[PDB]
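The data below hold one chain only, encoded as structure tokens and taken in the form deposited in one PDB entry.
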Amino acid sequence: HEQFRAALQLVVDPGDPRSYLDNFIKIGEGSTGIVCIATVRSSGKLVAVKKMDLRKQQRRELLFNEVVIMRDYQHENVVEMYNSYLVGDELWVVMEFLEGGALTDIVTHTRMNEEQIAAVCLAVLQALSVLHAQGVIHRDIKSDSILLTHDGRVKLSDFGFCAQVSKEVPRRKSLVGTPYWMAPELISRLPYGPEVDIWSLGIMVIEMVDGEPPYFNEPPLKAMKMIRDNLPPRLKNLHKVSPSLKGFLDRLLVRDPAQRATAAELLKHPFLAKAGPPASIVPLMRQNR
């Protein structure tokens, strides 16, 4: 720790955000710390701040990942990092604020139609081509990780559990990600590539279609056991999805990762043609219904 704080000091911006930020508000909680929002006194713009405790982590060297990998990264479809700091015993990551909030709130309250679902998927997949291109694996994809703007635009967040691969470190080995949405290989402790993200995406479609992931009402521990062992889960209500949507999902939920489609490929699948403008998501959002 003594040494690990010293390292993180050298990757983050020096100084204290409290100097420029006012009026902090907890708005959330992930598995590693909390999420606040805050106002920048000059200008008055809003920012989100992720705050993680250095002493309160399982596997902290993980904490290294977003700050190192995802600094200076930019995309229409990624939530932007501004800076990062250490505040006492915490890591603070200051990020772009998203008004629309999370997709979770939508999938758990309405029935996204096909057009809308495709629009989420294209947004996610655009993002994911470029990420994997660079050998970056998000490793915690799910509706939780999808954030919206006031006008319906989709951006991917929660890179706290992301990973880097290269020519020399080709695949990864650690159990991260979130259990219901984790991939078979990853559970079975295999080396894994980006392709794990693609599986997790599929589970997101089940989220979008059936309102929650497979094996949900189970204990987390047993769900993994199940996810590992059985056949690819399919929809509770099949009769409700287009053949377009099926074939597509059937490219995502593939147990053998070498045959599971690449985002690159998925960016072309006829389904996504159905996607509709950012403004077609708008009425799904809490403050409209």
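Shifts are known only where both forms have a C-alpha. Basically, rigid core = biggest C-alpha set you can superpose within 1.5 Å across the two forms. Note that residue numbering begins at 1 and tracks the sequence as displayed.
One more form of this protein should be noted, the form deposited with a partner chain bound, which is absent from this view; the next part is about it.
Proximity to the partner chain in the deposited complex holds for all of 58, 177 and 216, with the criterion being a heavy atom within 4.5 Å.
Only one of 143, 116, 126, 149 lies close to the partner chain in the deposited complex, with a heavy atom inside 4.5 Å, and it is 143. Interface residue among 104, 110, 164, 83, judged by heavy atoms within 4.5 Å of the partner chain in the deposited complex: 104.
Heavy atoms within 4.5 Å of the partner chain in the deposited complex are found in one stretch of 86 to 94, 129 to 137, 70 to 78, 177 to 185, which is 177 to 185. Of the heavy atoms in residue 31, some are within 4.5 Å of the partner chain in the deposited complex. In the deposited complex, the partner chain stays beyond 4.5 Å of every heavy atom belonging to residue 195.
In the deposited complex, the partner chain stays beyond 4.5 Å of every heavy atom belonging to residue 249. None of the heavy atoms of residue 36 is located within 4.5 Å of the partner chain in the deposited complex. Mapped along the sequence, displacements between the shown form and the other one of 2 angstroms or more at every C-alpha, sustained over at least 3 residues after core alignment, occur at 1 to 3, 69 to 73.
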